[PDB]
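*Asks:* Protein chains in written order, with the UniProt record's numbering: chain D, 2 to 123; chain F, 2 to 134; chain H, 2 to 200; chain R, 1 to 80; chain W, 58 to 143.
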Amino acid sequence: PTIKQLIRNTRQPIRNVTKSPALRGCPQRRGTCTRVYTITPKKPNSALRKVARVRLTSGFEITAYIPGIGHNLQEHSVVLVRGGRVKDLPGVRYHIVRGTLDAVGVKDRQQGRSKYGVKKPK
Amino acid sequence: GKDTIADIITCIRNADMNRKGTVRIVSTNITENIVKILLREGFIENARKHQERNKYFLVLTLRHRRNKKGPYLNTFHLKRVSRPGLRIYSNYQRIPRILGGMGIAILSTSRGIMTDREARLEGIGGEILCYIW
Amino acid sequence: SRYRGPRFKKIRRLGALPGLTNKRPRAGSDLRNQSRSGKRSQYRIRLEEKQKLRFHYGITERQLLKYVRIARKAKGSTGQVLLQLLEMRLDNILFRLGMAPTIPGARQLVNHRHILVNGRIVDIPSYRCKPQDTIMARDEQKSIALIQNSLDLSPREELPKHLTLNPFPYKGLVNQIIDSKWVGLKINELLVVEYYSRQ
Amino acid sequence: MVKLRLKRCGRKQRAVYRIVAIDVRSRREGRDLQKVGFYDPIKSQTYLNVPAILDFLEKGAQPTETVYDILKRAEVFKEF
Amino acid sequence: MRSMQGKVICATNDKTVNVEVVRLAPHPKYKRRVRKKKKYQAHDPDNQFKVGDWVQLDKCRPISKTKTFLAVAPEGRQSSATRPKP
RNA sequence: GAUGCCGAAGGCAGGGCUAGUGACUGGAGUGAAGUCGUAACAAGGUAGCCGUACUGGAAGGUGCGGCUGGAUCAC
RNA sequence: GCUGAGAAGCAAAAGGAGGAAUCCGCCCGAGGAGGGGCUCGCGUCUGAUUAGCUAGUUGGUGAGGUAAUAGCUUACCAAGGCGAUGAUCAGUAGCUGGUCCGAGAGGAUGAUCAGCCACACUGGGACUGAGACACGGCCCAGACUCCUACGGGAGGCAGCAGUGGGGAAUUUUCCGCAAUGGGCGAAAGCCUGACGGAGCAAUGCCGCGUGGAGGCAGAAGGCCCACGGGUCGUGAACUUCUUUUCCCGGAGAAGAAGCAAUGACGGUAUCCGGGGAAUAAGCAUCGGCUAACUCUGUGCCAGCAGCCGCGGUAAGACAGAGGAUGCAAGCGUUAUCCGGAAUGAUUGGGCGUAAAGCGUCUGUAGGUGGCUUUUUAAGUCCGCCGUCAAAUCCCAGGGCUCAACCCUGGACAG
Ligand SMILES: [Mg+2]
Ligand SMILES: [Mg+2]
Ligand SMILES: [Mg+2]
Ligand SMILES: [Mg+2]
Ligand SMILES: [Mg+2]
Ligand SMILES: [Mg+2]
Ligand SMILES: [Mg+2]
Ligand SMILES: [Mg+2]
Ligand SMILES: [Mg+2]
Ligand SMILES: [Mg+2]
Ligand SMILES: [Mg+2]
Ligand SMILES: [Mg+2]
Ligand SMILES: [Mg+2]
Ligand SMILES: [Mg+2]
Ligand SMILES: [Mg+2]
Ligand SMILES: [Mg+2]
Ligand SMILES: [Mg+2]
Ligand SMILES: [Mg+2]
Ligand SMILES: [Mg+2]
Ligand SMILES: [Mg+2]
Ligand SMILES: [Mg+2]
Ligand SMILES: [Mg+2]
Ligand SMILES: [Mg+2]
Ligand SMILES: [Mg+2]
Ligand SMILES: [Mg+2]
Ligand SMILES: [Mg+2]
Ligand SMILES: [Mg+2]
Ligand SMILES: [Mg+2]
Ligand SMILES: [Mg+2]
Ligand SMILES: [Mg+2]
Ligand SMILES: [Mg+2]
Ligand SMILES: [Mg+2]
Ligand SMILES: [Mg+2]
Ligand SMILES: [Mg+2]
Ligand SMILES: [Mg+2]
Ligand SMILES: [Mg+2]
Ligand SMILES: [Mg+2]
Ligand SMILES: [Mg+2]
Ligand SMILES: [Mg+2]
Ligand SMILES: [Mg+2]
Ligand SMILES: [Mg+2]
Ligand SMILES: [Mg+2]
Ligand SMILES: [Mg+2]
Ligand SMILES: [Mg+2]
Ligand SMILES: [Mg+2]
Ligand SMILES: [Mg+2]
Ligand SMILES: [Mg+2]
Ligand SMILES: [Mg+2]
Ligand SMILES: [Mg+2]
Ligand SMILES: [Mg+2]
Ligand SMILES: [Mg+2]
Ligand SMILES: [Mg+2]
Ligand SMILES: [Mg+2]
Ligand SMILES: [Mg+2]
Ligand SMILES: [Mg+2]
Ligand SMILES: [Mg+2]
Ligand SMILES: [Mg+2]
Ligand SMILES: [Mg+2]
Ligand SMILES: [Mg+2]
Ligand SMILES: [Mg+2]
Ligand SMILES: [Mg+2]
Ligand SMILES: [Mg+2]
Ligand SMILES: [Mg+2]
Ligand SMILES: [Mg+2]
Ligand SMILES: [Mg+2]
Ligand SMILES: [Mg+2]
Ligand SMILES: [Mg+2]
Ligand SMILES: [Mg+2]
Ligand SMILES: [Mg+2]
Ligand SMILES: [Mg+2]
Ligand SMILES: [Mg+2]
Ligand SMILES: [Mg+2]
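1) Per DSSP, what kind of secondary structure is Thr66/R in: helix, strand or coil?
2) Verify whether the separation of the beta carbon atoms of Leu54/R and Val36/R is less than 8 Å.
3) Put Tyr73/F into one of helix, strand or coil per three-state DSSP.
4) With 8 Å as the threshold, decide whether the Cβ of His100/W is near any Cβ in chain D.
5) Using three-state DSSP, classify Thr79/H as helix, strand or coil.
6) Does chain W have any CB closer than 8 Å to the CB of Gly86/F?
7) Check the C-beta distance from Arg55/H over to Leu192/H and give it rounded, since I have them as a contact under 8 Å.
8) What are the boundary residues of the alpha helix (DSSP H) that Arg55/H is part of?
9) Looking at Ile26/F and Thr32/F, is the spacing between their C-beta atoms short of 8 Å?
10) List in chain order: all unbroken beta strand (DSSP E) runs of 3+ residues lying wholly within the stretch 71-100 of chain D.
11) Any C-beta of chain D sitting closer than 8 Å to the C-beta of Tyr87/W?
12) The stretch 67-92 of chain W: which residues have C-beta closer than 7 Å to a C-beta of chain D, in chain order?
13) Quick one: is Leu7/D near chain W, going by C-beta distance under 8 Å?
14) Could you list which residues in chain W have their beta carbon closer than 8 Å to that of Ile4/D, in chain order?
15) State the start and end residues of the unbroken alpha helix (DSSP H) segment that holds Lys5/D.
16) What number of angstroms, rounded off, separates the C-alpha of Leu95/H from the C-alpha of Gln13/R?
17) Assign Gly173/H to one of three DSSP states: helix, strand, or coil.
18) Check each candidate in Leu74/F, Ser83/F, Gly127/F, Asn30/F and name the one with the smallest Cα separation from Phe58/F.
19) Return the CA-CA distance between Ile107/F and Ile99/F, expressed in angstroms with no decimal places.
20) Please state the DSSP three-state secondary structure of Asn150/H.
21) Report the option in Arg59/W, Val65/W, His100/W, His84/W whose CA atom is closest to the CA atom of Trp111/W.
22) Which residue's Cα is closest to the Cα of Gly85/D: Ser21/D, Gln111/D, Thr58/D?
23) Would you list the one or two residues that DSSP bridges to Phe38/R?
24) State buried or exposed for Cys34/D, treating a residue as buried only when at least 16 other CB atoms are found within 10 Å of its CB.
25) Since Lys124/W and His100/W are thought to touch, with beta carbons under 8 Å apart, how far apart are those beta carbons, to the nearest angstrom?
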């Protein structure tokens, strides 16, 4: 407000806080699943969601969502995780890229296939 | 009365918004010159001087109400610029012009007070006192 | 990088598009289901305008965009300058000179090295034509035959005053820069300029 | 010492040189004191601004072979 | 360039003075002017200058780990000498 | 060749700063459903709130001052 | 010439070519330009839950030392120096031309390209030398690897390639000195993983293609349908034209510079002929924002989601189909930064009840401060000069068929 007051450095920005601290400034990271299990969604959304706990290369442990329908992942599997938030499940800030490393592609998905890591059918 | 210029301006703005033709202001080299200029631009009807107890008062007649007091399409705006807190100056190529030139900008320069028009003719910059609509 | 799809179709949805098709659309036969989207969002009006432009000249978007940047740069009225730029394309001039049936035709003509601009072969469609320029067919049997048959069998004498055509050798000549009234379509450039405020 | 030589500009396969007065220890495209000539093989374009050339040859600037013979063709060694 | 005028804060040391120079600068963002004050070790042979003095400050070779500046007689200043009143 | 001064690791010793970890413990947050009560919002069933002291399983209670962001009645 | 008030004292050399002329050198001064060394104004991140820090420290003399000024060193004398306008301490960081974004004001950043600094296994020394405290030099200490006949040695890819390892992720143990630039040489020339080029990769930006014209309004099929018909769709099939690209043959550069010769790229760029529609379209989305909609399958399940939120029997929001829409050799998802955000506000906000006026005064630094004349000219303004490297951005031309890209010239800002 007062000029004299601004000249004392009274305007300072709020810095940009990341939504995915565990990645540490990366598009993806690789990790190993410590556990694979289901959680119930915050009400009123009832379902059973497929989440794994993944221990990363950057050392962290997180809880990543697994997309699509059904999966082959089990403990001591090596997967690739990416960012993005599942508004349902408290604390789950990361997905698991399908079709890479140890996660296979979703079976028999015909539409938007690149999002699930599936070949084109001939 | 920390700022004298701003105060004159204000007395006008106020007397204007209240639909009075007549204002008392306190005179000064600055005041007087500004009012002269205001007259030669034509924003104001008539000026005159008064004296009592070694005090000088310029009374200003003001442009009559616009075809009634209730229905006013136009007001007469004023704005202080360079003020004690921050003094604004401009070179020749930054000289302000107001609403494409409909309004006027007052400048104090080495050659005295003037409008932006004069400053452009003579090629001079200086301290920008105020704007007028 | 070219639109090889169904044409009539784009025409039903956009409007009238000369540089695409000479066949007037079917009655439209949508009068059965009577399906509409309701009306068009202001956005959809703008979008359809741009699309009109884009398919009339056979330009890709990423290209159109760069034309628009060139346009905002240029000192002058933006929509007008844009329309200039689009209308000066070699293939389009080749078309409006009746040296071609349609723009995909004219484009093909240019691609296959059948045209000369001032005694030199230019095979790229988007070559910008500048005033005082010579548009010739290459002197071979094929080139001449193409240009002859497509020029003669099409009667249209609408030549837009900046374009000269001369009879036996078939020398076309670009005289000057386009006028906004001589433009090749009915478009308010205003709408397109507006669509592009966000780039 | 000060050398009058070519610095290589333009692109891959198409090469175009400037003729520059620069200390011999800076890199081939590095910073210089003065820009003087322009040279190019393919366009057969060559020309020089001689007042500068002479003012440097005078203070002891040594040219490089190619340049030497460019100044020869343009008759700067006669005036010297 | 232009030499720096200032006033003496400390005379106590030998062949030296400690000057304060005040300058105004237009602060980078907010366009108002500000007084920044800097101190200098000025070399003054003969020790002619006392505390409170208004002295012009000049540049020469290093005399010390600090003093680079020659203390020099006040350059031009408005006479505090009374003038006529017409 | 020897020797003096200065001398890098190396040694010891106490400092400052921070990193990890630790029996147990204090509270915080989210958990439809559990227990106890019903403090608050209507004069919320003893008007409410702020400070403070004492006590109570717990929300709380009372004292002392203050305020209306108090209802009813007075106009 | 150097020391010195002087008297005086003190200091140099190198020859090799050629038959000779002559050439390249050598020593001492005195200049020039360029390259370095120093000194100072200004500008040069976050933290007060970091408040006092400094004793060769701040100055003075005398002796030393340095290529040169200097606490650079040392002895003596004096008590200064810096600090709430943030010293010291902790934390992060190479800096600048620039790049990205912004209507502008300004925000974020510092790859390639160019300048400067710093470093060379981890620390410390010096020596040589015009120049180093020296990446492919020396010495020592340390850590690590190798060779050894066991007594001893050898080494330093953050040079070009390359291997392991870490990692979401970043290429060939390539050709050549032909061009430009360097080193040495009288020259002939030799050496150059600088550089010039190739190879690999849709990493990005730009260009072009995957056909053009005609095509009963008749037929198969998908999908929808109140069974009337609609729609995929002039779309395909089908008939002709064309050949950029593809294929098979031919010729074939400039880049080389003034004696000829000399080309890694390459028999590549380009040019002439012969075939032939022939060799080449995917990816997101379709509830609102947001362009684009229906039907079958599921039933708070399986799943979607950027946010609101969808999904319990007919789902325009799930999955499939058909259809449409957007872009297009790319299309999406994630990460990062600015925008939108007037959401840290100078331009550009607020504080009675929404977050927000210290409980109230007195007052130090600091900021602002009435009128009149004069002075001065620090701000301020106007003119002229120097500079703010080239490249980039901006304007005007020119060259690669165009564009990207390159080249010439010039300039507003500040
Ligand atoms: Mg944001
Ligand atoms: Mg200024
Ligand atoms: Mg493209
Ligand atoms: Mg499609
Ligand atoms: Mg071509
Ligand atoms: Mg914008
Ligand atoms: Mg030549
Ligand atoms: Mg609790
Ligand atoms: Mg519970
Ligand atoms: Mg109660
Ligand atoms: Mg109660
Ligand atoms: Mg109550
Ligand atoms: Mg009690
Ligand atoms: Mg009691
Ligand atoms: Mg009470
Ligand atoms: Mg009270
Ligand atoms: Mg001797
Ligand atoms: Mg011999
Ligand atoms: Mg001899
Ligand atoms: Mg910076
Ligand atoms: Mg001492
Ligand atoms: Mg660092
Ligand atoms: Mg903005
Ligand atoms: Mg790098
Ligand atoms: Mg570099
Ligand atoms: Mg190493
Ligand atoms: Mg030496
Ligand atoms: Mg060094
Ligand atoms: Mg070396
Ligand atoms: Mg090495
Ligand atoms: Mg390497
Ligand atoms: Mg590896
Ligand atoms: Mg790995
Ligand atoms: Mg080799
Ligand atoms: Mg060479
Ligand atoms: Mg050479
Ligand atoms: Mg030589
Ligand atoms: Mg290279
Ligand atoms: Mg390939
Ligand atoms: Mg490519
Ligand atoms: Mg390729
Ligand atoms: Mg890719
Ligand atoms: Mg890559
Ligand atoms: Mg067709
Ligand atoms: Mg052919
Ligand atoms: Mg030759
Ligand atoms: Mg051919
Ligand atoms: Mg819509
Ligand atoms: Mg979806
Ligand atoms: Mg997003
Ligand atoms: Mg239902
Ligand atoms: Mg059923
Ligand atoms: Mg259903
Ligand atoms: Mg039905
Ligand atoms: Mg769906
Ligand atoms: Mg489909
Ligand atoms: Mg902002
Ligand atoms: Mg403000
Ligand atoms: Mg607000
Ligand atoms: Mg409240
Ligand atoms: Mg409040
Ligand atoms: Mg108060
Ligand atoms: Mg208090
Ligand atoms: Mg007070
Ligand atoms: Mg005071
Ligand atoms: Mg004052
Ligand atoms: Mg005053
Ligand atoms: Mg520049
Ligand atoms: Mg141009
Ligand atoms: Mg051109
Ligand atoms: Mg230029
Ligand atoms: Mg300037």
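Even for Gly, the Cβ is constructed at its ideal location relative to N, Cα and C.
*Replies:* Considering the structure as presented:
1) helix
2) no
3) coil
4) no
5) helix
6) Yes, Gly86/F counts as interfacial toward chain W.
7) Contact flag wrong, Cβ pair sits at about 13 Å.
8) 43-58
9) yes
10) 79-83, 95-97
11) yes
12) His84, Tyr87, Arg89, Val91
13) yes
14) Neighbours of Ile4/D in chain W, taken as residues whose beta carbon is under 8 Å from its own, are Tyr87, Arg89 in chain order.
15) Counting along the chain, the alpha helix (DSSP H) containing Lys5/D begins and ends at 4-7.
16) If I take the Cα positions, the gap works out to 35 Å.
17) strand
18) The option with the nearest alpha carbon to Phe58/F is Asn30/F.
19) 11 Å
20) helix
21) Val65/W
22) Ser21/D
23) According to DSSP, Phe38/R bridges with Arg18/R, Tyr47/R.
24) buried
25) Right, their Cβ atoms sit about 4 Å apart.
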